[PDB]
Structure formats: C-alpha cells, structure tokens
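Taking the form deposited in one PDB entry, here's one chain by itself in structure tokens.
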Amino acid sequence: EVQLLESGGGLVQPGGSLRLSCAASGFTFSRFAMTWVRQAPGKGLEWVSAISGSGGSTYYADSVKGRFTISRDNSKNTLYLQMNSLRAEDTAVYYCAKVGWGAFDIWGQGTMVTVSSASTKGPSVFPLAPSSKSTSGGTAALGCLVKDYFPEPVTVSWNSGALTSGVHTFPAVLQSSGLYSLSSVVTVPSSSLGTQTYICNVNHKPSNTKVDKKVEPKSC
C-alpha cells in the first residue's frame, strides 16, 4: 500500500541538468524524512541527499554538494532532486526512500540517469593473436577486440558463419566514456594455426560499419 513512484530520469550531456520526482502514497508523507540513494551500474549503493519531514532541514553527500538540491512539496506528497552540473560519474539508478528508525525502510523502484556525450560511432576492430600464452594442451585461443562503439548492438561471426564451435562472444563493457567494447574469442586446434584461416566478421548496423579482421599467429 506504500508506493514511491519515481520519474524524471533520462539521458543528459555532461554539464546538463535533470529534475527527479518521487510521488509518495499510502503513508503520512510529511511525518517522515525522505532520502535519495543512487547506484551506478554494477556498483554499490551511495547515499545522496535527505530532507526532514517539513523540508526545513536538508543533508548532502560531499560528492553532490553545491550541485544537487533536494526539496519536497507536502501539499502533493512529492519529493524532488534538482541535479545541475551533471558529470559522467553521476550516471546511476536513483532511488527515493522513506526514512524509518535510522534505516531506509521503503524504496521506490528507481529512475535511470545517464550522463553521456556518446554519439553513434563504429568500432575499431583489433585481432587478438593466438600465442603460447593463450594455448593450453592442443588448443589455442584467438579473438578480436571490438573497441569503442555506440550504441549497442554489434554482431560478431567467425569465418562468415562457417565457424561456430568454440566461439564465445562476451557481453560488452560500457565504459566511463559512454562507449561500448566487447571481445569474441574462439578456441581451435593449435595445429590448425597457419593452415586454417580465421577471420572475425564484425557488424555494427547503427554506424553501417562492417569489418573483417584476419587473426593470425605472429612472426618476428
């Protein structure tokens, strides 16, 4: 019966501004301090800001002081977070929560804030050559690095789809820059190297980018 419904998240560029809202129902809103807590993708929880039931006292983490302002409208059961001078590292899911006995006892389901300048960009594709350091037993690992593209997705195949056994394409990492990178690796018989050709085929439709990259053992 308690609900905390957040909105206002979205994509902004560095230096931009956003205002989050949290609409509360099902409890006596004005009697409780309220707080914002954020979580960067794949990371932990970080307290951001809190406000007393009346709105007359506010509290801030050092990480956001002078840039974010918490407020509330008790006539509307709405909690706000004004976010100015946004930085890449403010990218996170923002939760509102009710404060109860030293704890955060009810949380909204969050709104996502992305602070990024990324624009469509095709990947640079690099070969990950097989070596003694990537061969175990009679098997060698070779791959390709699909670096710094935006947005998702890319597709990777090996030998134009003729090679599927032993292919492992990894989920992309989303870097602090706002660009993605991924790698694809294939394990093959080490005795096949230098007799079988291995080519990764990378497609990034958003940038109409198509790259074939030969992956070969090195000679010195």
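Think of the rigid core as the biggest set of C-alphas that the two forms share within 1.5 Å after superposition. Numbers follow the displayed sequence, beginning with 1.
Per the entry, where is the mean C-alpha temperature factor higher: 89 to 97 or 117 to 125?
That would be 117 to 125.
Stretch with the higher entry mean CA B-factor, where the candidates are 137 to 145 and 78 to 86:
Between 78 to 86 and 137 to 145, it is 137 to 145 that shows the higher mean C-alpha B-factor.
Have a look at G44, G194, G66, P171 and flag the one whose Cα has the highest B-factor in the entry.
So the option with the highest C-alpha B-factor is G66.
When the CA B-factors of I51, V185, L179, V48 are compared as recorded in the entry, which is the largest?
Of the options given, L179 has the highest CA B-factor in the PDB entry.
When the deposited Cα B-factors of this chain's modelled residues are ordered and cut into thirds, is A40 in the lowest, the middle or the highest one?
It falls in the bottom third of the chain.
State the tercile, meaning the lowest, middle or highest third, of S207 with respect to the CA B-factors recorded for its chain.
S207: CA B-factor falls in the highest third of its chain.
Place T111 in the lowest, middle or highest third of its chain's C-alpha B-factors, as listed in the PDB entry.
According to the entry, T111 has a C-alpha B-factor in the chain's middle third.
For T28, the third of its chain into which the C-alpha B factor falls
Answer is middle: the recorded C-alpha B-factor places it there.
Select lowest, middle or highest to describe the third in which the CA B-factor of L163 falls within its chain in this entry.
For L163, whose C-alpha B-factor we compare with every modelled residue in the chain, the answer is the middle third.
There is another form of the same protein, the form deposited in another entry; it is not shown, and what comes next is about it.
Superposing on the rigid core, do we see a C-alpha displacement of 2 Å or more at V202 between the shown form and the other one?
Moves: yes, 2 Å or greater.
Return yes or no for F68: a CA shift of at least 2 Å between the shown form and the other one, with the rigid core superposed?
Stays below the 2 Å threshold, so no.
Taking the shown form as reference, are the C-alpha positions of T114 and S207 brought closer or pushed farther apart in that other deposited form, with a change of 3 Å or more?
Closer: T114 and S207 approach by 3 Å or more in that other deposited form.
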